[PDB]
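Colleague: What follows is the file structure.txt, containing compact mmCIF, N, CA and C atoms and all ligand atoms:
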```
# COMPACT_ATOMS: atom_id res chain seq x y z
N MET J 1 33.31 -22.21 5.10
CA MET J 1 33.54 -21.06 4.18
C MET J 1 32.76 -19.82 4.61
N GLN J 2 33.48 -18.78 5.00
CA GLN J 2 32.87 -17.51 5.40
C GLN J 2 33.30 -16.48 4.37
N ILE J 3 32.35 -16.04 3.55
CA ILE J 3 32.62 -15.06 2.50
C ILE J 3 32.33 -13.63 2.90
N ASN J 4 33.29 -12.74 2.68
CA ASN J 4 33.09 -11.33 2.98
C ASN J 4 33.14 -10.61 1.64
N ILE J 5 32.04 -9.97 1.27
CA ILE J 5 31.99 -9.24 0.01
C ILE J 5 31.98 -7.75 0.29
N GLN J 6 32.93 -7.05 -0.31
CA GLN J 6 33.03 -5.60 -0.15
C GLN J 6 32.99 -4.91 -1.50
N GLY J 7 32.44 -3.70 -1.52
CA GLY J 7 32.37 -2.95 -2.76
C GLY J 7 33.15 -1.65 -2.61
N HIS J 8 33.64 -1.12 -3.72
CA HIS J 8 34.39 0.13 -3.72
C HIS J 8 34.04 0.92 -4.98
N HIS J 9 33.51 2.13 -4.79
CA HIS J 9 33.13 2.98 -5.92
C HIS J 9 32.15 2.24 -6.81
N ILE J 10 31.15 1.62 -6.19
CA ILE J 10 30.15 0.86 -6.94
C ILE J 10 28.88 0.70 -6.13
N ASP J 11 27.77 0.47 -6.83
CA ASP J 11 26.50 0.26 -6.16
C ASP J 11 26.37 -1.24 -5.95
N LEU J 12 26.91 -1.72 -4.83
CA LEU J 12 26.85 -3.14 -4.50
C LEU J 12 25.39 -3.53 -4.25
N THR J 13 24.83 -4.36 -5.13
CA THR J 13 23.44 -4.78 -5.01
C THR J 13 23.32 -6.18 -4.41
N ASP J 14 22.12 -6.52 -3.95
CA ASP J 14 21.90 -7.84 -3.37
C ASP J 14 22.03 -8.90 -4.46
N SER J 15 21.75 -8.51 -5.70
CA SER J 15 21.87 -9.44 -6.82
C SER J 15 23.32 -9.84 -7.00
N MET J 16 24.23 -8.87 -6.91
CA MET J 16 25.65 -9.16 -7.05
C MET J 16 26.07 -10.10 -5.94
N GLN J 17 25.71 -9.76 -4.71
CA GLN J 17 26.07 -10.60 -3.58
C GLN J 17 25.46 -11.98 -3.70
N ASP J 18 24.19 -12.05 -4.09
CA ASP J 18 23.53 -13.35 -4.26
C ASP J 18 24.26 -14.16 -5.32
N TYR J 19 24.61 -13.51 -6.43
CA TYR J 19 25.31 -14.17 -7.52
C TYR J 19 26.66 -14.70 -7.04
N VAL J 20 27.41 -13.86 -6.34
CA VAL J 20 28.71 -14.27 -5.83
C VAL J 20 28.55 -15.50 -4.94
N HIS J 21 27.59 -15.44 -4.03
CA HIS J 21 27.34 -16.57 -3.14
C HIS J 21 27.01 -17.82 -3.94
N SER J 22 26.20 -17.65 -4.98
CA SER J 22 25.82 -18.77 -5.83
C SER J 22 27.06 -19.46 -6.41
N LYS J 23 27.96 -18.66 -6.99
CA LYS J 23 29.18 -19.19 -7.59
C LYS J 23 30.06 -19.94 -6.59
N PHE J 24 30.20 -19.40 -5.38
CA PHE J 24 31.02 -20.03 -4.36
C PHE J 24 30.38 -21.27 -3.74
N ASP J 25 29.05 -21.31 -3.72
CA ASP J 25 28.38 -22.50 -3.19
C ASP J 25 28.64 -23.67 -4.14
N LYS J 26 28.74 -23.41 -5.44
CA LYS J 26 29.00 -24.48 -6.39
C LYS J 26 30.44 -24.94 -6.24
N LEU J 27 31.33 -23.96 -6.13
CA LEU J 27 32.76 -24.18 -5.99
C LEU J 27 33.15 -25.06 -4.80
N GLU J 28 32.54 -24.83 -3.64
CA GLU J 28 32.89 -25.60 -2.45
C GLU J 28 32.60 -27.09 -2.56
N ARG J 29 31.81 -27.49 -3.55
CA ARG J 29 31.50 -28.90 -3.72
C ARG J 29 32.69 -29.67 -4.30
N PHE J 30 33.57 -28.95 -4.99
CA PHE J 30 34.75 -29.56 -5.60
C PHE J 30 36.02 -29.33 -4.80
N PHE J 31 36.03 -28.25 -4.03
CA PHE J 31 37.18 -27.89 -3.20
C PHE J 31 36.62 -27.66 -1.82
N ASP J 32 36.81 -28.63 -0.93
CA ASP J 32 36.26 -28.57 0.42
C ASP J 32 37.15 -28.05 1.55
N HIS J 33 38.29 -27.47 1.21
CA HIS J 33 39.19 -26.95 2.23
C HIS J 33 39.28 -25.42 2.22
N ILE J 34 38.23 -24.79 1.74
CA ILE J 34 38.13 -23.34 1.66
C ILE J 34 37.65 -22.76 2.99
N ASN J 35 38.51 -21.99 3.65
CA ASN J 35 38.16 -21.39 4.92
C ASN J 35 37.62 -19.98 4.69
N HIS J 36 38.43 -18.96 4.93
CA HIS J 36 37.95 -17.60 4.71
C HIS J 36 38.04 -17.19 3.25
N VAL J 37 37.07 -16.40 2.82
CA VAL J 37 37.04 -15.90 1.45
C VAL J 37 36.75 -14.41 1.45
N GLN J 38 37.53 -13.65 0.68
CA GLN J 38 37.30 -12.22 0.56
C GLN J 38 37.06 -11.91 -0.90
N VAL J 39 36.08 -11.07 -1.17
CA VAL J 39 35.76 -10.68 -2.53
C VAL J 39 35.60 -9.17 -2.53
N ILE J 40 36.18 -8.52 -3.53
CA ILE J 40 36.06 -7.08 -3.67
C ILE J 40 35.61 -6.77 -5.09
N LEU J 41 34.53 -6.01 -5.19
CA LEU J 41 33.97 -5.60 -6.47
C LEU J 41 34.16 -4.09 -6.54
N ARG J 42 34.79 -3.62 -7.60
CA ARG J 42 35.01 -2.19 -7.73
C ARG J 42 35.06 -1.73 -9.17
N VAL J 43 34.97 -0.42 -9.35
CA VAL J 43 34.98 0.16 -10.68
C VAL J 43 36.14 1.14 -10.83
N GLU J 44 36.88 0.98 -11.92
CA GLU J 44 38.01 1.84 -12.26
C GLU J 44 37.68 2.31 -13.66
N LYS J 45 37.24 3.57 -13.76
CA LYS J 45 36.82 4.18 -15.02
C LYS J 45 35.64 3.38 -15.58
N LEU J 46 35.83 2.67 -16.68
CA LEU J 46 34.77 1.86 -17.28
C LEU J 46 34.93 0.40 -16.90
N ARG J 47 36.10 0.07 -16.35
CA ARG J 47 36.41 -1.30 -15.95
C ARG J 47 35.65 -1.76 -14.71
N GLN J 48 35.05 -2.94 -14.81
CA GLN J 48 34.32 -3.53 -13.69
C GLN J 48 35.34 -4.55 -13.21
N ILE J 49 35.76 -4.43 -11.95
CA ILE J 49 36.78 -5.31 -11.41
C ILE J 49 36.32 -6.20 -10.27
N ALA J 50 36.63 -7.49 -10.36
CA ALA J 50 36.26 -8.44 -9.31
C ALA J 50 37.55 -9.05 -8.79
N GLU J 51 37.74 -8.98 -7.47
CA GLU J 51 38.93 -9.50 -6.81
C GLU J 51 38.53 -10.54 -5.79
N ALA J 52 39.38 -11.54 -5.60
CA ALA J 52 39.10 -12.58 -4.60
C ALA J 52 40.37 -13.22 -4.04
N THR J 53 40.31 -13.54 -2.75
CA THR J 53 41.40 -14.21 -2.07
C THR J 53 40.74 -15.34 -1.31
N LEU J 54 41.16 -16.56 -1.60
CA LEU J 54 40.62 -17.73 -0.93
C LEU J 54 41.70 -18.30 -0.02
N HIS J 55 41.36 -18.49 1.25
CA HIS J 55 42.30 -19.04 2.21
C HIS J 55 41.94 -20.50 2.39
N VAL J 56 42.79 -21.37 1.84
CA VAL J 56 42.59 -22.81 1.89
C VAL J 56 43.65 -23.44 2.78
N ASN J 57 43.53 -24.74 3.03
CA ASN J 57 44.49 -25.43 3.87
C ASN J 57 45.94 -25.27 3.40
N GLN J 58 46.71 -24.53 4.20
CA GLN J 58 48.12 -24.28 3.93
C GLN J 58 48.42 -23.50 2.66
N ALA J 59 47.49 -22.67 2.20
CA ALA J 59 47.73 -21.89 1.00
C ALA J 59 46.68 -20.82 0.72
N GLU J 60 47.00 -19.96 -0.23
CA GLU J 60 46.11 -18.89 -0.65
C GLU J 60 45.96 -18.94 -2.15
N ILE J 61 44.76 -18.62 -2.60
CA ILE J 61 44.43 -18.56 -4.01
C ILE J 61 43.96 -17.13 -4.21
N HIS J 62 44.59 -16.43 -5.14
CA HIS J 62 44.24 -15.04 -5.40
C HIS J 62 44.17 -14.76 -6.89
N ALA J 63 43.19 -13.95 -7.27
CA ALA J 63 43.03 -13.56 -8.66
C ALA J 63 42.10 -12.37 -8.81
N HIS J 64 42.25 -11.67 -9.93
CA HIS J 64 41.42 -10.52 -10.28
C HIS J 64 40.96 -10.79 -11.71
N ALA J 65 39.83 -10.19 -12.08
CA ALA J 65 39.30 -10.31 -13.43
C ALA J 65 38.51 -9.02 -13.68
N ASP J 66 38.54 -8.52 -14.91
CA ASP J 66 37.79 -7.30 -15.19
C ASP J 66 36.99 -7.43 -16.47
N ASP J 67 35.96 -6.60 -16.59
CA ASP J 67 35.08 -6.65 -17.75
C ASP J 67 34.25 -5.37 -17.78
N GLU J 68 33.56 -5.12 -18.90
CA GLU J 68 32.71 -3.95 -18.97
C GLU J 68 31.46 -4.25 -18.13
N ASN J 69 31.19 -5.54 -17.92
CA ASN J 69 30.03 -5.96 -17.12
C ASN J 69 30.51 -6.69 -15.86
N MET J 70 30.05 -6.25 -14.70
CA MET J 70 30.47 -6.85 -13.43
C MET J 70 30.16 -8.34 -13.28
N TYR J 71 28.99 -8.77 -13.73
CA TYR J 71 28.66 -10.18 -13.61
C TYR J 71 29.58 -11.02 -14.47
N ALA J 72 29.95 -10.49 -15.63
CA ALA J 72 30.87 -11.20 -16.52
C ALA J 72 32.25 -11.21 -15.86
N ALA J 73 32.57 -10.13 -15.16
CA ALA J 73 33.86 -10.04 -14.47
C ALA J 73 33.93 -11.13 -13.40
N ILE J 74 32.85 -11.29 -12.65
CA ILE J 74 32.80 -12.31 -11.61
C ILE J 74 32.94 -13.70 -12.21
N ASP J 75 32.28 -13.95 -13.34
CA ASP J 75 32.40 -15.27 -13.97
C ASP J 75 33.83 -15.54 -14.39
N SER J 76 34.50 -14.53 -14.92
CA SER J 76 35.88 -14.70 -15.34
C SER J 76 36.76 -14.95 -14.12
N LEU J 77 36.47 -14.24 -13.03
CA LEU J 77 37.24 -14.40 -11.80
C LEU J 77 37.16 -15.84 -11.31
N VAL J 78 35.94 -16.37 -11.23
CA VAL J 78 35.75 -17.73 -10.77
C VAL J 78 36.50 -18.73 -11.64
N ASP J 79 36.48 -18.53 -12.95
CA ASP J 79 37.20 -19.43 -13.84
C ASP J 79 38.69 -19.43 -13.50
N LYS J 80 39.23 -18.27 -13.14
CA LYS J 80 40.64 -18.18 -12.78
C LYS J 80 40.90 -18.89 -11.45
N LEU J 81 39.99 -18.70 -10.50
CA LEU J 81 40.13 -19.33 -9.19
C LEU J 81 40.05 -20.85 -9.30
N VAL J 82 39.12 -21.34 -10.11
CA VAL J 82 38.96 -22.78 -10.31
C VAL J 82 40.24 -23.40 -10.88
N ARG J 83 40.86 -22.73 -11.85
CA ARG J 83 42.10 -23.23 -12.45
C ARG J 83 43.15 -23.37 -11.36
N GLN J 84 43.31 -22.32 -10.56
CA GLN J 84 44.29 -22.35 -9.49
C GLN J 84 43.95 -23.37 -8.41
N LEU J 85 42.67 -23.53 -8.11
CA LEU J 85 42.24 -24.49 -7.10
C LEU J 85 42.51 -25.93 -7.56
N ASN J 86 42.30 -26.19 -8.84
CA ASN J 86 42.55 -27.52 -9.39
C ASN J 86 44.03 -27.84 -9.29
N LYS J 87 44.88 -26.86 -9.61
CA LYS J 87 46.32 -27.06 -9.52
C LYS J 87 46.71 -27.31 -8.06
N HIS J 88 46.22 -26.47 -7.16
CA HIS J 88 46.53 -26.63 -5.74
C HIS J 88 45.97 -27.93 -5.19
N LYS J 89 44.83 -28.36 -5.72
CA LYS J 89 44.21 -29.60 -5.28
C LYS J 89 45.09 -30.75 -5.73
N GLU J 90 45.74 -30.56 -6.88
CA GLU J 90 46.62 -31.57 -7.44
C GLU J 90 47.82 -31.77 -6.52
N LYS J 91 48.47 -30.67 -6.15
CA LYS J 91 49.62 -30.73 -5.26
C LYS J 91 49.28 -31.55 -4.02
N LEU J 92 48.19 -31.17 -3.36
CA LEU J 92 47.75 -31.87 -2.16
C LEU J 92 47.41 -33.32 -2.47
CO CO J 101 43.86 -8.69 -5.08
CO CO J 102 45.21 -16.67 4.93
```
Please go through the file and, once you have read it, give me the structure as structure tokens.

Modeller:
Amino acid sequence: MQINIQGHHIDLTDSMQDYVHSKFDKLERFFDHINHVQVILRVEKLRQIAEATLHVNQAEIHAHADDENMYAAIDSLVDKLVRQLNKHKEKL
């Protein structure tokens, strides 16, 4: 798993990156076929937006989540990714 975190119109801090890494390190223990991962954190007006695309074996998992708080946005994003990963894990 190689994670690339990018920011847009936001002060991307090491805490955000550390937090993102933390969430994905937990995730890989349940889904072990995660190859490349892209994450984009950005702000649209007051909206804090977290985007992610996970490239897994023979498929892609994509989702966005937004919140007034970026860390909460990231947590919501992961919950969406986990749901999709569980479904995709089921198929396989
Ligand atoms: Co997207
Ligand atoms: Co791909």

Colleague: Which protein, DNA or RNA residues have an atom within 8 Å of ligand CO 101 (chain J), counting all atoms listed in the file, as a PDB file with N, CA and C atoms, keeping the file's coordinate frame?

Modeller:
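out24.pdb, written as the output of this step:
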```pdb
ATOM      1  N   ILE J  40      36.180  -8.520  -3.530  1.00  0.00           N
ATOM      2  CA  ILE J  40      36.060  -7.080  -3.670  1.00  0.00           C
ATOM      3  C   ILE J  40      35.610  -6.770  -5.090  1.00  0.00           C
ATOM      4  N   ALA J  50      36.630  -7.490 -10.360  1.00  0.00           N
ATOM      5  CA  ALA J  50      36.260  -8.440  -9.310  1.00  0.00           C
ATOM      6  C   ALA J  50      37.550  -9.050  -8.790  1.00  0.00           C
ATOM      7  N   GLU J  51      37.740  -8.980  -7.470  1.00  0.00           N
ATOM      8  CA  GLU J  51      38.930  -9.500  -6.810  1.00  0.00           C
ATOM      9  C   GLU J  51      38.530 -10.540  -5.790  1.00  0.00           C
ATOM     10  N   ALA J  52      39.380 -11.540  -5.600  1.00  0.00           N
ATOM     11  CA  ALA J  52      39.100 -12.580  -4.600  1.00  0.00           C
ATOM     12  C   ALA J  52      40.370 -13.220  -4.040  1.00  0.00           C
ATOM     13  N   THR J  53      40.310 -13.540  -2.750  1.00  0.00           N
ATOM     14  CA  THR J  53      41.400 -14.210  -2.070  1.00  0.00           C
ATOM     15  C   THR J  53      40.740 -15.340  -1.310  1.00  0.00           C
ATOM     16  N   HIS J  62      44.590 -16.430  -5.140  1.00  0.00           N
ATOM     17  CA  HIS J  62      44.240 -15.040  -5.400  1.00  0.00           C
ATOM     18  C   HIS J  62      44.170 -14.760  -6.890  1.00  0.00           C
ATOM     19  N   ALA J  63      43.190 -13.950  -7.270  1.00  0.00           N
ATOM     20  CA  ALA J  63      43.030 -13.560  -8.660  1.00  0.00           C
ATOM     21  C   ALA J  63      42.100 -12.370  -8.810  1.00  0.00           C
ATOM     22  N   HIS J  64      42.250 -11.670  -9.930  1.00  0.00           N
ATOM     23  CA  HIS J  64      41.420 -10.520 -10.280  1.00  0.00           C
ATOM     24  C   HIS J  64      40.960 -10.790 -11.710  1.00  0.00           C
TER      25      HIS J  64
END
```

Colleague: Any residue with an atom at most 6.5 Å from ligand CO 102 (chain J) counts, using only N, CA and C atoms and all ligand atoms. Which are they? Put them as a PDB file with N, CA and C atoms, in the frame of the given file.

Modeller:
```pdb
ATOM      1  N   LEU J  54      41.160 -16.560  -1.600  1.00  0.00           N
ATOM      2  CA  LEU J  54      40.620 -17.730  -0.930  1.00  0.00           C
ATOM      3  C   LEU J  54      41.700 -18.300  -0.020  1.00  0.00           C
ATOM      4  N   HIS J  55      41.360 -18.490   1.250  1.00  0.00           N
ATOM      5  CA  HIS J  55      42.300 -19.040   2.210  1.00  0.00           C
ATOM      6  C   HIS J  55      41.940 -20.500   2.390  1.00  0.00           C
ATOM      7  N   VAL J  56      42.790 -21.370   1.840  1.00  0.00           N
ATOM      8  CA  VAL J  56      42.590 -22.810   1.890  1.00  0.00           C
ATOM      9  C   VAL J  56      43.650 -23.440   2.780  1.00  0.00           C
ATOM     10  N   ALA J  59      47.490 -22.670   2.200  1.00  0.00           N
ATOM     11  CA  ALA J  59      47.730 -21.890   1.000  1.00  0.00           C
ATOM     12  C   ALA J  59      46.680 -20.820   0.720  1.00  0.00           C
ATOM     13  N   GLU J  60      47.000 -19.960  -0.230  1.00  0.00           N
ATOM     14  CA  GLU J  60      46.110 -18.890  -0.650  1.00  0.00           C
ATOM     15  C   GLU J  60      45.960 -18.940  -2.150  1.00  0.00           C
TER      16      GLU J  60
END
```

Colleague: Could you work out an axis-aligned box for segment 25-30 of chain J, taking every atom the file lists and adding 6 Å on each side, and report centre and edge lengths in Å to one decimal, as JSON?

Modeller:
```
{"center_x": 32.2, "center_y": -25.5, "center_z": -4.4, "size_x": 19.6, "size_y": 20.4, "size_z": 15.9}
```

Colleague: I'd like to know which of J:37, J:65, J:92, J:70 is closest to residue 2 of chain J, using only C-alpha atoms.

Modeller: J:37

Colleague: Please return, as an MDAnalysis selection string, all polymer residues that have at least one atom within 12 Å of the point (36.2, 3.8, -9.0); use only C-alpha atoms and the file's own coordinate frame.

Modeller: chainID J and resid 7:11 41:49

Colleague: Within 9 Å of (39.7, -26.7, 2.6) (coordinates as in the file), grab all the protein and nucleic acid residues, counting only C-alpha atoms, and write them out as a list in words.

Modeller: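 Collected hits near the coordinates: residues 1, 28, 31, 32, 33, 34, 35, 55, 56, 57 and 58 of chain J.
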